[PDB]
């Protein structure tokens, strides 16, 4: 997910502009739900995943907000000492303590029911047990016990009218989530929220700790330690699930890293390119970053240096000159299925070959398959999420930086060979693979574009619509599942705020029993594809002015 927030010193014709593109995958009906709430201290407008009670994206006329996932490390695993002779107990601070346990029965349509037990210790539910070592692993979340309060913090923050009131609700959201602020006076801010553990000295948060007592967390770190900034000297805040701040540690996932190669730099270059931006220019950053190859920038210098002494008829060189003439923006041909330039297919083949020669080779099987993906892997339906730089690519980037990288190269990934030789050998593999399928004339190569599918199954794999309700879009766009923009104090209108969004396929998912589809079932679908947007109304006059229908209820509790 990405977000750029532009303050007073960088905005043109307004005092603040927030644009947010939360990436959750693409679904039918729509992952988020649009809703305006007017009453009981609330006066809000926006859209929110699964219609939560609190609006994750929206504004209240004074301040606006948005989120991206934070990816801090708020989960650790405790290795609990069991005993062969007295099951159900575990050793904690010198005594043998009984586990909590509950029985569950799974009813099954046209099958037999299944019952099983769930186990829990002071550190959390048991994920898995090793009978051979008499070890049980317990997953311990810093937020455990605060799930409801975090839902309420996201509801109450919609009533805040300034930074001080808003950060009092941010201090209660315990999940690892970046939160963002903008207001009518042009202030902007950011908070990496959540509850993080106050670990004992010597605890390395990437690996399990013994649960017998000495490694137990001390508590939770204070809200003062959460990375946060208000009105930054740059004039803007940009994030694409990159690191919040210097020296902050990331989630312990082996596939997740914050390194010198990161896709947020693509948003930074566009916002640093222009001294000020208008709302239309802030919205047009969606279209550029959606179509931008993320590995060109990273490895084009290494390619250029390697092939610099080659002759013009060497095909390894031709492949790098094609890449050098390209800006890395993918565009569909008129056929609706192949891209205009072959650059991503070249980088994909080269990078697969490079990883297989370098990182993959240094790691024992079967852990080598964790570092072989190039980042371009998809199927016919297209990517299920955002594109990113693959972990293997981030590790390869540190290795091609040489002693310019701060990470110590314990193993040499190039195994004694000069970098250039490995780069040229992978480029030989790329020419062999590509020219065989397309031929030798690079200029007529018509390589396959990625497409985008609005799936009928939700993120868990479970159907939320019939299979025929799947929607397909010809161009894959690396963008938010919804996009929403809020503009504060526009010089071009008399309204204090303007806001827009797009919720595709549409607001409603309803289909009557005779098969008649709601009128608002797919009226935002073509708007999504063309980068269009619709106005979000807040004030009573605007709402009445655009009303389509009205329903009044009389109810007593």
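Numbering follows the first chain given and starts at 1.
Taking the mean C-alpha B-factor of each stretch as recorded, 269-277 and 289-297 are not equal, and the higher mean is that of 269-277. Mean CA temperature factor is higher for 359-367 when stretches 359-367 and 189-197 are set side by side in the entry. Taking only the listed residues 389, 332, 257, 415, the entry reports the highest CA temperature factor at 415. The PDB entry assigns the greatest CA B-factor among 170, 466, 82, 160 to 82. In the PDB entry, residue 428 places in the highest third of its chain by CA B-factor. Residue 90 sits in the highest third of its chain by CA B factor, as recorded in the PDB entry. When the modelled residues of the chain are ordered by their C-alpha B factor, residue 63 lands in the middle third.
When the CA B factors of the chain's modelled residues are split into thirds, the value for residue 488 lands in the highest one.
Among all modelled residues in this chain, the alpha-carbon of residue 406 has a temperature factor (C-alpha) in the highest third.
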